[PDB]
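Residue numbers (PDB author numbering), protein chains in the order written: chain B, 2 to 156; chain F, 2 to 156; chain E, 2 to 156; chain G, 2 to 156; chain H, 2 to 156; chain C, 2 to 156; chain D, 2 to 156; chain A, 2 to 156; chain I, 2 to 156; chain J, 2 to 156.
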């Protein structure tokens, strides 16, 4: 599997992908049909944050009219990071940034209390988002972060 | 309810609290017994990120030997933010920072797709962390971020 | 409704829009005639900070000679943020930045005093700017920031 | 009237003031009674962003048990700025920071359209906040930014 | 009068202007002939920091062979700021930056002593530079900053 | 003459000086009587940006009740810089910062036109501020920057 | 095991430890005797980057004359990060920082080629340093970074 | 031997090289066959961080279809630095960044203990990565940093 | 003599110069033959940091096949600074950056001790570099920084 | 030989040294009498940038009335760097900073031309400053930076 150490070719691809998605008026859920992969993972890959396996890459390429150069690029491991400069201004992204700003030390404390010294991994890791009703009317998003605990032991 | 626009008084209190917790070899779970509140909310308050209502404030104060000045301060709305400078270096906190760097654009894309224009709130919001076994051996943390959808609509 | 996680497409559109606006010597008030929406909301949309509903997108498109790709793009939720880098140097924008720098702690203190723990929303939110004569000669701008109170409550 | 070019003494005073306010459980509204000044201005001065005239100073000092050294310092013109580092993390302050991030270019555009070249002043300027009921239930804050237009003219 | 909230189109015009000036080997003094306006103001406009009134724009355009699109853009209010990133590295500009770094606190102090609370305006403001002989041989520059005093008054 | 490469001892002295000035309700003008030096230079020195010659140092020390350690320290060359972090938030200081942000390129351009390649010195340099009436009512500050031209020549 | 979300108490212990070590003229090798742990791990713990298990803590405390408050603190999980601000100026540290700046893209590329998508872990991880003779005379340091490969797999 | 003080032309070459590598689905190991150089050095050079000697340059160029301008450019000493901004967000690169953030002070301390005052060179220096099995299953990367000790001595 | 307040046209010229130097395999020493100017000055000008007198411009242009527009631009005063962002990552440049980081305070201390208050000029200034043998084997660079002392005196 | 990974103890020692030097009105040259070491090295050590051999430490200690704990600390290897935050504001230090900003790329270009790939060392390195008459009146400083060339060789 190929990889890239800089983001501009993948950003170009992502732009090609989004213009096609917008022009065709598609959703990510529809684009993900028949990929054999979860919506969060594929969306992230279309947005330039993951490689797709070859067959998944071809499925989405069929729906967005991507050529073979794009299909190859879609298979490459990218230089990751979806917030240029690290600090988001977009309110939608910023709210998630803010959750970590506020609860970061709480997360550290409760990880060390319930698991021990070490980390919750962001690589052995799955993310999903679910829409649920709010009892007081309206709707809520429940975002689940599921990471493996990796301990820090004396060596 | 009182509030502060600067962080040093709560930081001083948080340090008082942590030294006591360490001296008495207590856990956050133990300190939270009887508050009638969630562990994540009360831990966050002890770490300077929330005000406690007075009953919960007195409950934690007894466990930690906190005086009436400390109890008053625990009831004040703080200046929130748990990562000085915004960018963490501690690996445990960084992993959660990293999840947002990588999946931020995905989180935005799918919120907009499944909800609409707007945000998932970081204020009308609940967080909890659960430990579950990994089938392959070891442990996993499942962190739930649960926020109200707030639409952006024209005016 | 489509969305974008990067700003370059809307930036290009915004530049197309401003060049047309300047060539035709139009005002934002005249471009907004017929949209059934507030001047500030539609101006911000033209400047790449909001999506327009299709009716309003077509109305402004006619005045500016915008094609169908441009009309589709005007309807996409953008990656928001109108000050590159966060810190403005333009004096006009900087004065509003300075108002928050100076009165930020005061706004916090009084929000918590008069409403309680929580925030004044920037999403459930309206802005408008009004021109009124100054008695001493000259003119004043009255800018109204109108946001919903959202409480922070224990969980 | 005296002035200071560094903030720490005034920071110390502000801390003294807030600890007495919390200890006595006072509101800013109560503290401001009989000062002859607006709540926003006096709150800002207590929080270290403005001098108070001598008599207003003595009035608040009586209520907060401040001595003559504090009364003298309350009258000094401070080094202004209430967000250390300029970028707030506290959600309540951040929301107002965000309004300028999002609507900054719109504010510039409509100022130039409706007034002309120049600025809306942050000095010949008044701020206030009102609490108004929301028709759909709940409460809203209406913050008014009232600034003199200062034109830029060719010299 | 039109305005822009982003600098790139104006930056492009400024480059066109500077390439014309270098090609024809003009001085700003010679370009300014017949504008009826001050050299510092018109120079700043050419370098992208001010609009020109139409007559002055046509005068300088004739000398630099600018077309109607340029003349029109030269009349637009720009996004101001002449130092990308705020901190200059060019020694000539840096010296002026350094004067403010060193004397900033003195300026504040003497403003409040001699005028009172408030600012010296950077908008109701004129700048000029004069060359005068140094008695010991060589030359001095006398740069004059002439701004309106705007008081801060309790409200 | 002695020098310091770090600022904390002068900052402490400057604080002592200011607390005495505020306590005695002195002006800088009164403090400067009989120093044989200009107000801007001595004010800068009091604010920790310059050394004073021994006798000027003693003249100001008599007025502010400084001992012989302060008098010795007043004669030391400091680590200069009066804006911590370089970017001011205080509106009074910021306006002078903003003059350089806006007119920086103009100053460079006119310096090279009228003098040639090189710089206007910030060292072989004098500053002064004057208060003059505004014919349209009110008052203006005229700040004079008087620097020696230092050419850049091929070597 | 206890943990701290802020560095100040551990920084104080580290200072105590370093002053003892310097005063007694001890080496990290001599302090590590009888811990049963690697020199690099225990050194990092003494410098505030890891907790020690109790036995090791008591062993090193005996050699440094640390009391029980310190032995308890030495067992707590710290807020990790040994370079304030992230960017080192000290030449010895900077060279290691430099290796990553230069070879960072190479490490990425070869990790993805030889292992696949994912990371080399900084947690399931051992470091050691060895001194070896340079044949040309002089000495070399062979620093070994030994981390678990954690794959990124599509989900 | 030629050199460049800016990175863009080398970044363009690097993009050309990567696009050919991805197109032909080559590995760095395959590309490196017959260069007479180690994998880490040649990979670094291909990625813009090192010059290649002429014959090695021609060997890789034959495999990637690079012309003579590319071959000349491959032989130039570049402006080194592989992480724009210095701080990586890509998890693979960040992990190596993190090892230095956490073990920085430890590396310094043990260099001075085992070698003395001075540095471990990043120039008289060799890097290599090795894949080894993990006893508990899976795989480990062993990265070797091999640098010359350069002493600091009184002069 | 003409000047530029932005670097892009000069950066383009520098690139044209370097692509020709690499294509023709020239040295700076060779390009400089017959300018009657020091190697350090002309190299800096070729790299965009100085104007050349017309004669030198035409001499170097002949060797690099530069047209008249290039010759004209080589004579313009540039916006100076050779390290984008101020902090170099390239190791060759960084070592010189590091010398100032380490010896900055010593340089200040000894300048004031041996000369007095004021500066060593970076404008009335010459730089040169000499290759000399190291007695212990190898070579040393002796870089000479030759600047005029400009006093700071009380005014 | 002891070392430290943080600067505060050495900063305190340096303050003690400077306060003694000022009180006794000593020069660095006088403090350095009898060390056997160059003025530049010993001045840097006193300012916290190098360790002294015990003999030199005790010599300078006798002149400054330093106790035994200070003598011990003076022999420790420090965490080096003499400009907090890396970017100087003090004009005297900034001029040296500026020389590297302007001539950085030229130094790189000529190092590679005259030596080859690699660096000029900042560690195998000597610094000195000489006062020289200016032929046209006044004084000059000649700062000599003398470093070992370290080659970068393909491996």
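All C-beta atoms, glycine included, are put in the ideal place defined by N, C-alpha and C.
With three or more beta-carbon pairs closer than 8 Å as the criterion, would you say the region 2-13 of chain I touches the region 134-146 of chain A? Short answer: they don't touch.
Does the CB of residue 16 of chain D have a neighbour CB from chain J at under 9 Å? With 9 Å as the cut-off, residue 16 of chain D counts as an interface residue toward chain J.
Would you say residue 90 of chain B faces chain G, with C-beta separation under 9 Å as the test? Interface residue, yes.
Keeping to the same chain, check which residues put their C-beta closer than 8 Å to that of residue 2 of chain B; ignore five residues upstream and five downstream. Cβ neighbours of residue 2 of chain B beyond the five flanking positions: 52, 76, 77, 78.
Please name the residue in A/121, A/37, A/15, A/82 whose C-alpha comes closest to that of residue 54 of chain A. Among A/121, A/37, A/15, A/82, the Cα nearest to that of residue 54 of chain A is on A/37.
Along chain B, in chain order, which residues have C-beta atoms closer than 9 Å to that of residue 78 of chain F? Neighbours of residue 78 of chain F on chain B: none; closest Cβ ~13 Å, over 9 Å.
Thinking residue 81 of chain F and residue 90 of chain G are a contact (beta carbons under 8 Å), I'd like their distance in whole angstroms, please. Between residue 81 of chain F and residue 90 of chain G a beta carbon distance of about 7 Å is seen, short of the 8 Å cut, so the two are scored as contacting.
Any idea if residue 26 of chain C is buried or exposed, counting beta-carbon neighbours within 10 angstroms, 16 or more meaning buried? If you draw a 10 Å sphere on the C-beta of residue 26 of chain C, you find fewer than 16 other C-beta atoms in it, and that means exposed.
Shorter than 9 Å from the beta carbon of residue 30 of chain I to some beta carbon of chain A? No, residue 30 of chain I lies away from the interface with chain A (no Cβ there is under 9 Å from its Cβ).
Could you tell me which uninterrupted alpha helix (DSSP H) segments, each at least 4 residues in length, are contained entirely in the region 17-80 of chain C, listed from first to last along the chain? For the region 17-80 of chain C, whole alpha helix (DSSP H) runs of length 4 or above, ordered along the chain, are 29-33, 40-47, 55-65, 69-75.
Count the other C-beta atoms from every protein chain shown that fall within 10 angstroms of the C-beta of residue 119 of chain H, then say buried if there are 16 or more, exposed otherwise. Residue 119 of chain H should be labelled buried.
Are at least three pairs of beta-carbons, each pair with one atom in the region 145-153 of chain G and one in the region 142-151 of chain A, less than 8 Å apart? The region 145-153 of chain G is not in contact with the region 142-151 of chain A.
Compare the C-beta of residue 3 of chain F with all C-beta atoms of chain G and state if any pair is closer than 9 Å. Yes, residue 3 of chain F lies at the interface with chain G (some Cβ there is under 9 Å from its Cβ).
Within the chosen definition, does the region 9-18 of chain J reach the region 42-49 of chain J through at least 3 CB pairs nearer than 8 Å? Counting C-beta pairs closer than 8 Å gives three or more between the region 9-18 of chain J and the region 42-49 of chain J, which meets the contact rule.
Contact list for residue 1 of chain D against chain A, beta-carbon separation under 9 Å: Nothing about residue 1 of chain D can be reported from this structure: the residues present for chain D run from 2 to 156 only.
Within chain D, partners of residue 135 of chain A - CB distance below 9 Å: Within chain D, the residues near residue 135 of chain A are 125, 149, 150.
Do you know offhand how far residue 28 of chain D's Cα is from residue 22 of chain D's? Answer to the nearest angstrom: the Cα atoms are 7 Å apart.
Pick from I/87, I/41, I/154 that is closest to residue 123 of chain C, judged by C-alpha positions: The candidate whose alpha carbon is nearest that of residue 123 of chain C is I/154.
Residue range of the alpha helix (DSSP H) that includes residue 84 of chain F: For residue 84 of chain F, there is no enclosing alpha helix (DSSP H), as DSSP marks it with neither H nor E.
For residue 114 of chain C, count neighbouring Cβ atoms within 10 angstroms of its own Cβ and tell me buried if that reaches 16, exposed if not. By the neighbour-count rule (16 or more Cβ atoms within 10 Å), residue 114 of chain C is buried.
Please determine, among C/99, C/14, C/59, C/127, the residue with the shortest C-alpha to C-alpha distance to residue 87 of chain H. Ranked by Cα distance from residue 87 of chain H, the first of C/99, C/14, C/59, C/127 is C/99.
Where residue 128 of chain H and residue 112 of chain H are concerned, what is the direct C-alpha to C-alpha distance, given to the nearest angstrom? Computed Cα separation, rounded: 18 Å.
With which residues is residue 150 of chain H paired in a DSSP beta bridge? Paired residue(s): H/121.
Kindly provide the ranges of any beta strand (DSSP E) runs that are 3 or more residues long and lie completely inside the region 126-150 of chain E, ordered along the chain. Whole beta strand (DSSP E) segments, 3+ residues: zero.
Using the Cβ count rule (16 or more neighbours within 10 Å means buried), how would you classify residue 31 of chain E? Flag for residue 31 of chain E reads exposed.
When the Cα atoms are used, what is the spatial distance from residue 94 of chain E to residue 103 of chain G? Taking the straight line joining both Cα atoms gives about 11 Å.
Whole angstroms is fine: what's the gap from residue 35 of chain A's alpha carbon to residue 126 of chain A's? The alpha-carbon atoms of residue 35 of chain A and residue 126 of chain A are separated by roughly 22 Å.
Collapsed DSSP secondary structure at residue 4 of chain E in the structure displayed: Residue state for residue 4 of chain E is assigned as strand, using DSSP reduced to three classes.
Could you tell me the boundaries of the alpha helix (DSSP H) in which residue 107 of chain D lies? Going by DSSP, residue 107 of chain D is part of the alpha helix (DSSP H) stretching over 92-115.
Within-9 Å CB hit, residue 109 of chain A to chain J: Cβ-Cβ to chain J under 9 Å: yes for residue 109 of chain A.
Sequence-distant residues of its chain with Cβ nearer than 7 Å to residue 84 of chain A (five each side left out): These residues qualify, in order along the chain: 94.
Interface residues of chain E facing residue 106 of chain B [CB-CB closer than 8 Å]: The contacting residues do not exist; residue 106 of chain B stays about 17 Å from chain E at best.
What are the residues of the region 27-57 of chain E that lie near chain L, defined by any Cβ-Cβ distance shorter than 8 Å? No chain L is present in this structure, whose protein chains are B, F, E, G, H, C, D, A, I and J.
Since I believe residue 152 of chain H is in contact with residue 117 of chain H (beta carbons under 8 Å), could you give me their beta-carbon distance rounded to a whole number of angstroms? Indeed, because the Cβ distance is near 6 Å, the residues count as touching under 8 Å.
Around the Cβ of residue 132 of chain C, are there at least 16 other Cβ atoms within 10 angstroms (buried) or fewer (exposed)? Its Cβ having fewer than 16 others within 10 Å, residue 132 of chain C is exposed.
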